[PDB]
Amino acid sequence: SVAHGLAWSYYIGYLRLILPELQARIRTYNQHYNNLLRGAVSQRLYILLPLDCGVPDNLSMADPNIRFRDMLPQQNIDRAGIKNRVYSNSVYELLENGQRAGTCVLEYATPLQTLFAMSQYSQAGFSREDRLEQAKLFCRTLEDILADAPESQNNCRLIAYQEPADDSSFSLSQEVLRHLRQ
């Protein structure tokens, strides 16, 4: 299935690269946050998985209570055939009742952008119902891969969410804070 390929490629071609040294980067970042009240960043990579159509270009614009703060130190990759690539990860503040309630490394899972594009291009043969079915299966498959994987290690957390078509009351910051608070 499409989802099975996307889940394995995202693990092999991203998570496996980025997770092993994530903790050390976070540790380095948190040297500037010895005052806990200034908001040290939490330890995990939180991966957002909106099942519904589209993924926002700008994560912080998804929710007024999620605000971009800055970046972790960069990760240089020189293995698995790739030469000198540099990856970045972003740190966001989560607000609740006007005050910072959490700080974390957040990002959308990129293969959802591929599922979205396939649904737009008719040569992909991919209906909207197919897109949703594969998005769901991508999430399940990736969950299962990570349960086994050596590189996590309490390193990564998937946050999948789907909103009712007729309501816009879902709060992404609240959803992430739920995961943070445990």
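In this text, residue numbers run from 1 along the sequence as written.
- Relative to its counterpart among 68 to 76 and 81 to 89, 81 to 89 has the higher mean temperature factor, C-alpha atoms as listed in the PDB entry.
- For the pair 42 to 50 and 140 to 148, the mean Cα B-factor is higher in 140 to 148.
- Among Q162, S9, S169, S173, the highest C-alpha B-factor recorded in the PDB entry belongs to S169.
- Based on the entry's C-alpha B-factors, the most elevated value among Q123, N35, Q120, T114 belongs to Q123.
- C104: CA B factor lies in the lowest third for its chain, per the PDB record.
- Ranked against the other modelled residues of its chain, the C-alpha B-factor of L180 as given in the entry falls in the highest third.
- Annotation for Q134: CA B-factor lies in the lowest third of the chain's modelled residues.
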